[PDB]
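These notes are about the structure you will find just below.
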Amino acid sequence: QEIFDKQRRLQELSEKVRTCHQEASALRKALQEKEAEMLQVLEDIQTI
Amino acid sequence: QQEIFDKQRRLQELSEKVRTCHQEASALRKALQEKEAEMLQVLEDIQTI
Amino acid sequence: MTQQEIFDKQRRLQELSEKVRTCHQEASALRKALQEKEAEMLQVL
Amino acid sequence: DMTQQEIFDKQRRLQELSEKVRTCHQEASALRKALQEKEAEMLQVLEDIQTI
(Lines give C-alpha, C1' and ligand atoms only; values in the text may rest on other atoms or scores of the structure.)
Protein backbone atom coordinates (compact mmCIF):
# COMPACT_ATOMS: atom_id res chain seq x y z
CA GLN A 1 0.00 0.00 0.00
CA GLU A 2 3.16 2.17 -0.24
CA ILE A 3 5.54 2.12 2.79
CA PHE A 4 5.11 5.86 3.57
CA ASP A 5 1.34 5.33 4.08
CA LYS A 6 2.12 2.31 6.27
CA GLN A 7 4.57 4.42 8.39
CA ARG A 8 1.85 7.07 8.82
CA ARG A 9 -0.69 4.52 9.99
CA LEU A 10 1.82 3.05 12.35
CA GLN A 11 2.44 6.43 13.87
CA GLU A 12 -1.14 7.39 14.41
CA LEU A 13 -2.01 4.04 15.87
CA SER A 14 0.92 4.01 18.24
CA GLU A 15 -0.05 7.40 19.54
CA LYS A 16 -3.56 6.25 20.10
CA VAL A 17 -2.22 3.26 22.01
CA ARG A 18 -0.01 5.35 24.26
CA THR A 19 -2.96 7.62 24.89
CA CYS A 20 -5.11 4.64 25.87
CA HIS A 21 -2.33 3.41 28.16
CA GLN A 22 -1.81 6.73 29.97
CA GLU A 23 -5.57 6.95 30.41
CA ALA A 24 -5.84 3.36 31.65
CA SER A 25 -2.79 3.88 33.87
CA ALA A 26 -4.64 6.68 35.67
CA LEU A 27 -8.00 4.91 35.81
CA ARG A 28 -6.39 1.98 37.61
CA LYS A 29 -4.80 4.26 40.21
CA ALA A 30 -8.16 5.97 40.70
CA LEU A 31 -9.84 2.58 41.02
CA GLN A 32 -7.16 1.27 43.39
CA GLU A 33 -7.53 4.42 45.48
CA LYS A 34 -11.32 4.14 45.50
CA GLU A 35 -11.31 0.48 46.53
CA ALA A 36 -8.85 1.36 49.29
CA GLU A 37 -11.24 4.02 50.59
CA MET A 38 -14.11 1.53 50.70
CA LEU A 39 -12.09 -0.93 52.78
CA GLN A 40 -11.70 1.62 55.58
CA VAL A 41 -15.47 1.97 55.67
CA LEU A 42 -15.94 -1.79 55.80
CA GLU A 43 -13.45 -2.12 58.68
CA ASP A 44 -15.57 0.42 60.62
CA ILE A 45 -18.71 -1.61 59.84
CA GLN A 46 -17.29 -4.73 61.48
CA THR A 47 -17.15 -2.65 64.72
CA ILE A 48 -20.91 -1.89 64.20
CA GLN B 1 -35.22 -2.16 70.29
CA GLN B 2 -33.58 1.22 70.60
CA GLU B 3 -30.40 -0.70 70.30
CA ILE B 4 -31.54 -2.22 67.04
CA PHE B 5 -32.59 1.12 65.75
CA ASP B 6 -29.22 2.61 66.58
CA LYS B 7 -27.39 -0.20 64.97
CA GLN B 8 -29.54 0.23 61.95
CA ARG B 9 -28.90 3.92 61.77
CA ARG B 10 -25.20 3.46 61.94
CA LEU B 11 -25.21 0.79 59.33
CA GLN B 12 -27.15 3.11 57.16
CA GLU B 13 -24.67 5.94 57.39
CA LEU B 14 -21.77 3.66 56.52
CA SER B 15 -23.98 2.09 53.85
CA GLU B 16 -24.29 5.49 52.17
CA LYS B 17 -20.50 5.72 52.09
CA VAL B 18 -20.28 2.18 50.71
CA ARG B 19 -22.84 2.99 48.02
CA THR B 20 -21.00 6.13 46.91
CA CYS B 21 -17.69 4.27 46.71
CA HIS B 22 -19.37 1.44 44.79
CA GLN B 23 -21.13 3.74 42.31
CA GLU B 24 -17.82 5.36 41.40
CA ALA B 25 -15.96 2.05 41.29
CA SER B 26 -18.75 0.50 39.21
CA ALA B 27 -18.34 3.35 36.74
CA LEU B 28 -14.54 3.39 36.92
CA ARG B 29 -14.56 -0.31 36.01
CA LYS B 30 -16.79 0.31 32.99
CA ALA B 31 -14.47 3.10 31.85
CA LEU B 32 -11.46 0.82 32.36
CA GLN B 33 -13.14 -2.11 30.60
CA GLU B 34 -13.92 -0.05 27.50
CA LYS B 35 -10.55 1.71 27.43
CA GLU B 36 -8.37 -1.41 27.71
CA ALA B 37 -10.31 -2.97 24.83
CA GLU B 38 -9.93 0.20 22.78
CA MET B 39 -6.20 -0.25 23.30
CA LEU B 40 -6.40 -3.89 22.18
CA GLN B 41 -8.63 -2.77 19.29
CA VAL B 42 -5.83 -0.56 17.98
CA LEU B 43 -3.05 -3.10 18.59
CA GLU B 44 -5.10 -5.44 16.44
CA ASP B 45 -5.20 -2.82 13.70
CA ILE B 46 -1.51 -2.33 13.93
CA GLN B 47 -1.18 -6.03 13.21
CA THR B 48 -3.40 -5.44 10.12
CA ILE B 49 -0.88 -3.02 8.53
CA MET C 1 -35.45 -13.62 66.43
CA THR C 2 -35.16 -10.24 64.77
CA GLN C 3 -31.92 -10.02 66.65
CA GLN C 4 -30.73 -13.33 65.35
CA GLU C 5 -31.50 -12.13 61.91
CA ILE C 6 -29.55 -8.93 62.26
CA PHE C 7 -26.65 -11.02 63.52
CA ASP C 8 -26.77 -13.38 60.57
CA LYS C 9 -26.85 -10.49 58.20
CA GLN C 10 -23.97 -8.91 59.97
CA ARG C 11 -21.98 -12.06 59.62
CA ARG C 12 -22.68 -12.34 55.93
CA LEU C 13 -21.63 -8.73 55.64
CA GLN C 14 -18.31 -9.61 57.28
CA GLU C 15 -17.84 -12.51 54.85
CA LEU C 16 -18.30 -10.32 51.79
CA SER C 17 -16.13 -7.58 53.31
CA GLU C 18 -13.22 -10.01 53.62
CA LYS C 19 -14.01 -11.37 50.16
CA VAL C 20 -13.80 -7.87 48.72
CA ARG C 21 -10.44 -7.44 50.44
CA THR C 22 -9.17 -10.61 48.77
CA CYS C 23 -10.40 -9.48 45.35
CA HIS C 24 -8.88 -6.04 45.90
CA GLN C 25 -5.44 -7.41 46.79
CA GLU C 26 -5.86 -9.81 43.87
CA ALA C 27 -6.70 -6.86 41.62
CA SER C 28 -3.77 -4.84 42.98
CA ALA C 29 -1.35 -7.54 41.82
CA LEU C 30 -3.04 -7.78 38.43
CA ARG C 31 -3.00 -4.03 37.83
CA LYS C 32 0.72 -3.89 38.63
CA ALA C 33 1.26 -6.80 36.24
CA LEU C 34 -0.86 -5.16 33.55
CA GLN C 35 1.12 -1.97 34.12
CA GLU C 36 4.49 -3.58 33.44
CA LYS C 37 3.04 -5.61 30.57
CA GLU C 38 1.77 -2.51 28.78
CA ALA C 39 4.96 -0.57 29.55
CA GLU C 40 6.97 -3.47 28.13
CA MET C 41 4.86 -3.18 24.99
CA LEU C 42 5.30 0.54 24.80
CA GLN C 43 9.02 0.20 24.91
CA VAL C 44 8.74 -2.10 21.96
CA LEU C 45 6.74 0.47 20.08
CA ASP D 1 12.11 6.09 8.14
CA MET D 2 11.46 2.28 8.58
CA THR D 3 11.30 -0.32 5.75
CA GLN D 4 8.42 -2.83 5.27
CA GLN D 5 10.59 -5.65 6.71
CA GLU D 6 11.41 -3.42 9.69
CA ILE D 7 7.61 -3.01 10.17
CA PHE D 8 6.97 -6.79 9.93
CA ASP D 9 9.77 -7.36 12.48
CA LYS D 10 8.25 -4.84 14.92
CA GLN D 11 4.81 -6.36 14.18
CA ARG D 12 5.98 -9.82 15.33
CA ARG D 13 7.62 -8.45 18.45
CA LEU D 14 4.40 -6.76 19.16
CA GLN D 15 2.27 -9.80 18.76
CA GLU D 16 3.90 -11.67 21.63
CA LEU D 17 3.74 -8.62 23.89
CA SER D 18 0.18 -7.77 22.83
CA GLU D 19 -1.05 -11.31 23.49
CA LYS D 20 0.15 -11.10 27.09
CA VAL D 21 -1.79 -7.85 27.53
CA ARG D 22 -4.87 -9.48 26.01
CA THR D 23 -4.64 -12.25 28.61
CA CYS D 24 -4.17 -9.88 31.56
CA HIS D 25 -7.12 -7.84 30.31
CA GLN D 26 -9.41 -10.88 30.25
CA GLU D 27 -8.31 -11.65 33.81
CA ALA D 28 -8.98 -8.05 34.85
CA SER D 29 -12.49 -8.24 33.41
CA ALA D 30 -13.15 -11.38 35.45
CA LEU D 31 -11.98 -9.78 38.71
CA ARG D 32 -13.86 -6.54 38.07
CA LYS D 33 -17.01 -8.53 37.31
CA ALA D 34 -16.49 -10.59 40.47
CA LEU D 35 -15.81 -7.47 42.53
CA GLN D 36 -18.83 -5.70 41.04
CA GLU D 37 -21.25 -8.41 42.16
CA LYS D 38 -19.66 -8.79 45.60
CA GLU D 39 -20.09 -5.08 46.33
CA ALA D 40 -23.66 -5.33 45.06
CA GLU D 41 -24.21 -8.25 47.42
CA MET D 42 -23.06 -6.10 50.30
CA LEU D 43 -25.37 -3.18 49.56
CA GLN D 44 -28.32 -5.59 49.34
CA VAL D 45 -27.39 -7.04 52.75
CA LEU D 46 -27.04 -3.52 54.19
CA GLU D 47 -30.47 -2.57 52.78
CA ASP D 48 -31.75 -5.94 54.08
CA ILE D 49 -30.78 -5.00 57.67
CA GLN D 50 -32.80 -1.71 57.39
CA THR D 51 -35.99 -3.78 57.28
CA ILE D 52 -36.45 -5.66 60.58
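We use all heavy atoms of the structure for the numbers below, so side chains are in, but hydrogens, waters and symmetry mates are not. Reminder, nothing fancy here: chain letters follow the sequence lines and each chain counts from 1.
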**Study point:** Option from B:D45, B:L43, B:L40 for which side-chain contact (heavy atoms from CB on, under 4.5 Å) with A:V17 holds
**Key:** B:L43
Check your understanding: Is any side-chain heavy atom of C:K9 less than 4.5 Å from a side-chain heavy atom of C:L13?
Key -> no
Study note, to complete from the structure: Between C:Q10 and D:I49 the two heavy atoms that sit nearest each other are N-CD1, 4.5 Å
Point to revise | Distance (rounded to the nearest 0.5 Å) between D:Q4 CD and A:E2 CD | key: 12.5 Å
Exercise for review: Compute whether any side-chain donor of one residue and acceptor of the other, for C:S17 and A:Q46, lie under 3.5 angstrom apart.
Suggested key: no
Exercise for review: Could you walk me through whether B:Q33 and D:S29 pass the side-chain hydrogen bond (donor to acceptor under 3.5 Å, both in side chains) test, one step at a time?
Suggested key: CA-CA 7 Å; B:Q33 280 277 75; D:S29 297; 2.4 Å; yes
**Study point:** Salt-bridge present (B:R10, B:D6; N to O < 4.0 Å)
**Key:** no
**Study point:** Close side-chain approach of A:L27 to B:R29, heavy-atom, < 4.5 Å
**Key:** no
**Study point:** Short N-O contact, B:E38 and B:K35, less than 4.0 angstrom
**Key:** yes
Review point. Is there a side-chain contact between D:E39 and A:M38, using heavy atoms and a 4.5 Å cut-off?
Key: yes
Check your understanding: Can you tell me how far the CZ atom of B:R19 sits from the CG atom of B:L14, to the nearest 0.5 Å?
Key -> 13.5 Å
